[PDB]
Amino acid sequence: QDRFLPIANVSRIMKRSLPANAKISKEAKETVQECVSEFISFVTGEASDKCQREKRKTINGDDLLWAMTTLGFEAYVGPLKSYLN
């Protein structure tokens, strides 16, 4: 589906994430493609809400990190901040 991240990009990333001898079913690739795509939606809606409450029109990087923190993803926040520099 054209509403999802491209499956080749997703597949590559799961492959590099696994021991060299691992195999990944076509079904598993399609399931994870949807999931990471939904991750973007999920987080964006919380960031989008924050901006509404605070009456701004731009979703920025901090809005994403706030949204990820209140949705259970604080563990990402550290690495992310460190990656921007």
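For every residue, the number given is its place in the sequence shown, counted from 1.
Taking the PDB entry at face value, the top CA B factor among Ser17, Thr69, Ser11, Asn21 belongs to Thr69. When the modelled residues of the chain are ordered by C-alpha B-factor, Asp62 sits in the middle third. Placement of the Cα temperature factor of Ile40 within the chain: middle third of the modelled residues, per the deposited record. The deposited CA B-factor of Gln33 belongs to the lowest third of values across its chain. Among the modelled residues of its chain, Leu5 has a C-alpha B-factor that falls in the lowest third, as given in the PDB entry.
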